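Data first, discussion second: the structure below is written as structure tokens.
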Amino acid sequence: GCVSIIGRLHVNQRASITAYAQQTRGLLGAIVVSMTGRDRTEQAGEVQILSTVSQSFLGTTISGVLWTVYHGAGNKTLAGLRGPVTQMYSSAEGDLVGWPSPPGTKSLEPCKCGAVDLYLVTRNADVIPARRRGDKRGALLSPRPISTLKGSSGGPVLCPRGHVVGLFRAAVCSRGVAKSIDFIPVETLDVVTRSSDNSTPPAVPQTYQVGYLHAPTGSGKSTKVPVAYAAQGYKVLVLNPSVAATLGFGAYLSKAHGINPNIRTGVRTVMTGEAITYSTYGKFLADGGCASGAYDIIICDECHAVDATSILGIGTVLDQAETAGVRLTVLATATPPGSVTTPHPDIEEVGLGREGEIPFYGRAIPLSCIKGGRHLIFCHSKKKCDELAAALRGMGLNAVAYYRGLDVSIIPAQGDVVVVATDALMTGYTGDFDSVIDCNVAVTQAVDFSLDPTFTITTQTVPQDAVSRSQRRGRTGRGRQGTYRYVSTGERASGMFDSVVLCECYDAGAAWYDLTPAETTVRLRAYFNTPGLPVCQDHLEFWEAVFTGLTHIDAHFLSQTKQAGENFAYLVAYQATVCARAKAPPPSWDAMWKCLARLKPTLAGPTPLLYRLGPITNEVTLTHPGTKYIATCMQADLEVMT
Ligand SMILES: [Mg+2]
Ligand SMILES: [Mg+2]
Ligand SMILES: [Zn+2]
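The sequence shown runs -15 to -2, 1 to 181, 185 to 631 under the authors' numbering.
This is the structure in structure tokens:
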């Protein structure tokens, strides 16, 4: 996972800027350099064309530092003369990354003459003129298709004298037309060049503050630390994403410390009067958020969690805490952004070799590892799960596949078994195993602003990050020894998540907590405004607008889509109510649309399509005012990362 250089730009003064582009390395070279992390060849130019094999982007060297965007390079090293080169600067919040610039490269100078005329140099050596709009943007003289600007993030935005005004990072669009340019000002680069240690619990301040606790899981941050706070006379609230963890901590304190704390969950609530409360983020929200004068300290545990409820809970805390009388909010996680996973007690970790009986993502599984006992194998796709469970059964093993669409009772409670599953198991299941085998491949949700007619919710296959890695291997060694086998080390904990998550929050907020869109915004704003958390593109105003227009949802449909656990229960249920009210069928007849089963014989004609949540089987009309509303929301200036 190294970044390699596959080309370069020469940027000099004669529009007065001239640029020349030069491809220098193909796909074989990029893969090899990327895998070895070694590049022995000479370097040159003011801008570098960078590659992660799949995708490509730019980097500009200024003051001996090769700068580029975080949304392209992440936490990756740069291939170098001697081997991998680690980042010298890194800010997900600034969407910025920097390495020491390879020798042979030339620097551009920052602009200190405050020009209005701006010039973007693309990956193809095109110079695009613009005019400055405030601090981080420019209005293009000639609007252009957004497609022409993709792959050029990290390129320089120049003044008429050739100094760098900023780094191109995104386009501001009007339904696919790029009207303006968004960039990282050079002034941001200076600030970043000046910057640690959260290892131990923050002290309780005299006035409200947010603090941080970065320590391993089970280390006691969820048990010992609350007790230490309470023993000083404070009332403590501990929030976790899962029911099992919440219940688990309560039971521990009882059995081990002889302390019986309060427990609040949807499935079980126990109030004892103690000064320590354990709750889920979900139950915390359903309870109305922060109650006045109830707690001195709120600990937001597992704050690397980017599921909708976790984000809403955390953002609610950060918005309401101070006013409710809290002295200290603690944001606690083992895997903060940019961090690696570290070994965990009792869990042996052993990379897979190339020898065995069952091929597995470029490695092999020996039968010995899984014959006898209970084992969990993570596969990236339904298709692969079925294939593998089949192959194992033909070798005399009790193997069984699990993915979304199947029940969890398919998994025997005891006796020998090999479960081969997707991440669907995480939400769907609770129990654990004697070992985990991990393909280290992650499938994540993404939104595509596709304009066919509006937005599409689809997926992405990416290398596993530290958070994912921890979750999967956490499925073994619960209370006792476990074993974790893997194909590769992943990437460091991601500092950035997709816009589709925002969509998920507004959906969940409305579906599960009756939150108004304007109110969901306030809470997400708190989340964004707090440093040290994962960041996102600011599409809050966009998503607020579209959900505001989705009025008068059929309650019965919303109920069923909720039972069925649809990640976007509200968007689905809503699509179903327009179809029903139109006497039209759903876009397909996937299980997604169960709720419309009984009415099938009564529906016909084209479906009024609002957005795409999956494949389309039936004829569709783009006519519904619901479609036109969402579509006109997308005409408003929308920042698209490039
Ligand atoms: Mg603990
Ligand atoms: Mg943790
Ligand atoms: Zn200048």
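Even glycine gets a Cβ: it sits at the ideal position worked out from N, Cα and C.
Next on the checklist: If contacts are defined as beta-carbon pairs under 8 Å, then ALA413 and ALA390 qualify, I think. What distance do you get, rounded to the angstrom?
Outcome noted: One-based indexing of the sequence shown puts residue 413 at position 424. One-based indexing of the sequence shown puts residue 390 at position 401. In fact, because the Cβ distance is near 10 Å, the residues do not count as touching under 8 Å.
Checklist entry - To which residues of the same chain is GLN470 closer than 8 Å at the C-beta, ignoring the five residues directly before and after it? => result Your numbering for residue 470 matches position 481 in the sequence shown. Sequence-distant partners of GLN470 (beyond 5 residues in either direction) whose C-beta falls short of 8 Å from its own C-beta, in its chain, are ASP335, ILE336 and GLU337.
Checklist entry - Hey, would you say the C-beta of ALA323 is under 7 Å away from at least one heavy atom of ligand 2? => result Locating residue 323 in the sequence shown gives position 334, where the first residue counts as 1. Under cutoff, so the answer is yes.
Item to check | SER76 - DSSP class collapsed to helix/strand/coil | outcome: Translated into positions along the sequence shown, residue 76 becomes position 90. Residue state for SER76 is assigned as strand, using DSSP reduced to three classes.
Next on the checklist: With the cut-off set at 8 Å, would you say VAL107 and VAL83 are in Cβ contact?
Outcome noted: For the purposes of this step, residue 107 is taken as the residue at position 121 of the sequence shown. For the purposes of this step, residue 83 is taken as the residue at position 97 of the sequence shown. No.
Next on the checklist: Can you look up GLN403 in the DSSP assignment and give me helix, strand or coil?
Outcome noted: The residue given as residue 403 occupies position 414 in the sequence shown. It is coil, neither helix nor strand.
Item to check | Spatially closest choice to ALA217 from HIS203, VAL39, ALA192 and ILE132, by CA coordinates | outcome: Counting from one through the sequence shown, the residue named residue 217 turns up at place 228. When only C-alpha atoms are compared, the closest one is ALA192.
Checklist entry - Are three or more beta carbon pairs between the segment 3 to 20 and the segment 110 to 118 nearer than 8 Å? => result The segment 110 to 118 and the segment 3 to 20 touch, with three or more beta-carbon pairs separated by less than 8 Å.
Next on the checklist: Quick check: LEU547 and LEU602, are their CB atoms within less than 8 Å of each other?
Outcome noted: Looking up residue 547 in the sequence shown gives position 558. Looking up residue 602 in the sequence shown gives position 613. Not in contact: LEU547 and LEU602 (Cβ atoms no closer than 8 Å).
Checklist entry - If you pair each beta-carbon of the segment 76 to 90 with each one of the segment 542 to 558, do three or more pairs fall below 8 Å? => result Verdict: no, contact absent.
Next on the checklist: Can you give me the C-alpha to C-alpha distance between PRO452 and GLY262, rounded to a whole angstrom?
Outcome noted: Residue 452 sits at position 463 when you count from the first residue of the sequence shown. Residue 262 sits at position 273 when you count from the first residue of the sequence shown. For the pair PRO452 and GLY262, the Cα-to-Cα distance works out to about 46 Å.
Checklist entry - So, do the segment 457 to 474 and the segment 514 to 533 have three or more beta carbon pairs nearer to each other than 8 Å? => result Counting Cβ pairs under 8 Å, fewer than three are found: no touch.
Checklist entry - Along the chain, where does the alpha helix (DSSP H) that runs through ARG118 open and close? => result Position 132 of the sequence shown, counting from 1, holds the residue named residue 118. Counting along the chain, no alpha helix (DSSP H) covers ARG118; the unbroken beta strand (DSSP E) around it starts and ends at 113 to 118.
Item to check | Same chain, Cβ closer than 8 Å to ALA280, neighbours up to 5 away in sequence not counted | outcome: Position 291 of the sequence shown holds residue 280. Contacts found: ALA313.
Checklist entry - Around the C-beta of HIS246, are 16 or more other C-beta atoms found within 10 angstroms, so that it is buried, or is it exposed? => result For the purposes of this step, residue 246 is taken as the residue at position 257 of the sequence shown. Flag for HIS246 reads exposed.
Item to check | Burial state of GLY342, where buried means 16 or more other Cβ atoms lie within 10 Å | outcome: Along the sequence shown, one-based indexing puts residue 342 at 353. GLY342 is exposed by the Cβ-count criterion.
Next on the checklist: Within a Cβ cutoff of 7 Å, which residues of the same chain sit near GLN460, ignoring the five residues on either side of it in sequence?
Outcome noted: Within the sequence shown, numbered from 1, the residue matching residue 460 stands at position 471. Taken in chain order, the residues that qualify are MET415.
Checklist entry - Do you know offhand how far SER20's Cα is from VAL39's? => result In the sequence shown, the residue the question calls residue 20 occupies position 34. In the sequence shown, the residue the question calls residue 39 occupies position 53. Between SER20 and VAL39, the C-alpha separation is close to 8 Å.
Item to check | Where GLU291 falls: helix, strand or coil (DSSP) | outcome: Here residue 291 refers to the residue found at position 302 when the sequence shown is read from its first residue. Correct three-state label for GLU291: coil.
Checklist entry - Identify the residues that DSSP records as bridge partners of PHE169: which are they? => result Counted from its first residue, the sequence shown places residue 169 at position 183. In DSSP, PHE169 forms a bridge with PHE154.
Next on the checklist: I want to check one thing, is the minimum distance from the CB of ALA101 to the heavy atoms of ligand 3 below 7 Å?
Outcome noted: On the sequence shown, position 115 is the one that residue 101 refers to. Yes, Cβ of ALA101 sits closer than 7 Å to a heavy atom of ligand 3.
Checklist entry - For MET581, which three-state DSSP category applies? => result Looking up residue 581 in the sequence shown gives position 592. Three-state DSSP puts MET581 in a helix.
Checklist entry - So, do the segment 88 to 101 and the segment 486 to 500 have three or more beta carbon pairs nearer to each other than 8 Å? => result Taking 8 Å as the limit for Cβ pairs, the verdict is that the segment 486 to 500 does not touch the segment 88 to 101.
Item to check | Range of the contiguous alpha helix (DSSP H) that encloses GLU95 | outcome: What you label residue 95 is simply residue 109 of the sequence shown in a count that begins at 1. No alpha helix (DSSP H) holds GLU95; DSSP gives it neither H nor E.
Next on the checklist: Tell me the rounded alpha-carbon separation between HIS203 and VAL225.
Outcome noted: Within the sequence shown, residue 203 is the residue found at index 214, counting from 1. Within the sequence shown, residue 225 is the residue found at index 236, counting from 1. For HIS203 and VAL225, the distance between alpha carbons rounds to 18 Å.
Checklist entry - Does the beta-carbon of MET260 have 16 or more other beta-carbons within 10 angstroms, so that it is buried, or is it exposed? => result Within the sequence shown, numbered from 1, the residue matching residue 260 stands at position 271. Answer is exposed; the Cβ neighbour count stays below 16.
Checklist entry - Do the CB positions of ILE619 and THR447 come within less than 8 Å of each other? => result Counting from one through the sequence shown, the residue named residue 619 turns up at place 630. Counting from one through the sequence shown, the residue named residue 447 turns up at place 458. For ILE619 and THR447, no; Cβs fall outside 8 Å.
Checklist entry - So, helix, strand or coil for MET623, using DSSP? => result In the sequence shown, counting from the first residue as 1, residue 623 sits at position 634. Note: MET623 maps to coil in three-state DSSP.
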